[PDB]
Each structure stands twice: as C-alpha cells, then as structure tokens.
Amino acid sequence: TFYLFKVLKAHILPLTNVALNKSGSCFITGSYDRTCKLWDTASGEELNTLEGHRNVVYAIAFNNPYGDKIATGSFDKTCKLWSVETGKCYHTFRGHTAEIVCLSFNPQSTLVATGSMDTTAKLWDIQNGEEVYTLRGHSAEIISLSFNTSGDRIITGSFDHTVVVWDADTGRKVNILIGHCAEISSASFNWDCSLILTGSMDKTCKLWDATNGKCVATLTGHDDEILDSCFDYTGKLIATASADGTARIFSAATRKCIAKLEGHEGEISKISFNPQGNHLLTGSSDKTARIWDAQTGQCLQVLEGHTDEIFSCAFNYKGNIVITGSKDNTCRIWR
C-alpha cells in the first residue's frame, strides 16, 4: 500500500522528464523553463538548479548505479554534462543537427550516446570530451534507449518502424530488427540480454533474439497503439502498456498472455515492474497512477492527487518509494 506524503509543484511551465537515483535518494526533473532542477526524495529540497541551456531540456538521466554525474539533452544542438555533487557545467557536446530527445549511459560510466531527431545517434567521449562515433542507420527520429549489460551493443528504436542494433565497439549496425508496421514506442534488453522486447503503434509487441536479430515472438491482444513495454528485474515476465487503454502481461518463455489489467478510463502511458517482481505500476492519462499484481490482474491500489495525465512513474531500486511526473508540472512521491 502506498500513500501521498504532501505535494511538490516542480514548475509552472511544462515538465519533460522525471528520473530517480539508484537508492532513491535523488530524483531529477526537467521542464520547459530551460532548466533542470535537482531534488532529493527525503527532504524535497531542490539541491541544485542546472542552468545554461538555451532551450527546453527533455532527456535527462542519472549516472546510475554510480549517480555521481548528470547528463541533460535539450531541444537544441546541445548535450551538457554535470556532476551531482556541484551544480556547475562540465562538458560540451555540440554537433546534432536537430532536437536531442533520447539519451542513456554506458556501463562503467563510459561515455554518452545521444539519440536525436536529426535521424542520427552519436557517441561522445566524457573523460575526454570527444564525439567518437556517429551511428547512422535510421530514416526517422530516434526516441528510445537501451544499453546491454557490458555495453557491447546499443539498440536504437525509431519512428521508421525499425530497430537497429549497434555495437558500441565498432559503431556499426549488428542487425536491423524489421517487422513492426508502425512507430516504435520502447525497447530494452532482458536479464540475459539475449532477447529484445519491442513495442509499436501497430497494435503489436515483438520479441527478438539479441544474437542474430531474428524475431522469435509476435504478441497479440491490444486494440490500438502501444505506448510502452518492459521486462521485469527477473526477465521471466513481460508487461505492455497501450493506447488501447489496457495493460497486458505475457510470459517470457511461453508468450501466451497470462493476464489483462483493466479499470482504466484512459490512455496508458507508462509501465514498470518493482525490483522484486511481484506488483506492477501504471501511469495513465485518466486520473491515475495505479498498482497491479503481476499474477492476479487485480488493481491493488489506485492512488490519486494529480490534476491531469501522468507520463512518468517509477519505483526506486528496492521498491521503497514511487515517483510520478504529471502534466500539471508536479512530481509526487509515494511511501
């Protein structure tokens, strides 16, 4: 069971993304106010404010597990890198020829890979400051992010109905996953990193082999667009969020649908498992952030407080706390 603590209104102009640190201590918030602000979960104090960008900061993440540095991607040429210790601007990355919307880091806190709407992805060096490689293999916007454990590969999802699997080693395409009939929402690796789970706007979720890049499974059930898809910490199960307004739970190995999650008055935006793998969290357009059991299908709790749609919802890494970003430019914590 979860409850509201109090309310924290992050900004008054539109909020882009919410992301927490590994132990749950910290969560970052970006917005249309050209800024990224640094909040901690316990105090609620805005630790630092990250100013310097000339536009809306959209894609932000933590250096998790390490969580000692911050990168921010914005609606310009820019990617900036900060530390969490001090709020100053460290590294400069310019070169993308369109809005930068998707970024993620590498194992060992290597360097940074940025997915931008310039139809390209780029790898930039950080201890040094170089862009080292340009990943050109898409005909459309890159919107999704993933790194495999060990960081040998990077999968780039795009609006051209294709996933391209790059190798961080060479910087060339390993294989190109083809089969989706509409824009791809999300994609990430499982525990083994042998299988890739993709979702798309063509009512389908597809399950690919990481080895050769062959499509092992095609999952049916949703009646409209798919907005998100996820494995859990174990990789045994599969969760899919859709614009059908329903949430579906499959098997990794059997792929027969195990359960349907219903009770929604709206678009389902986000999906995520707890670190334990026993309940499941949903943020949606209607009134809600809701919590389900992965095996029942029953809604264990509906917890409210936001005044409009919820685009973000995530556990911390031991399921201690839950954080949600909404369209009312407010982030709420649930203990």
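Numbers for residues come from their place in the sequence shown, where the first is 1.
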Greater mean Cα temperature factor according to the PDB record, 174 to 182 or 96 to 104
96 to 104
Which has the higher mean CA temperature factor in the PDB entry, 41 to 49 or 265 to 273?
41 to 49
From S229, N148, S251, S139, which pick has the Cα B-factor that tops the rest in the entry?
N148
Chain-relative CA temperature factor third for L15:
lowest
Assert third(CA B-factor, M117) within chain per record equals middle
Of the three thirds of Cα B-factor ranks in this chain, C26 occupies the highest
Sorting the chain's CA B-factors, does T234 end up in the lowest, middle or highest third?
highest
Quick tally, chain-level thirds of C-alpha B-factors: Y58 sits in the middle
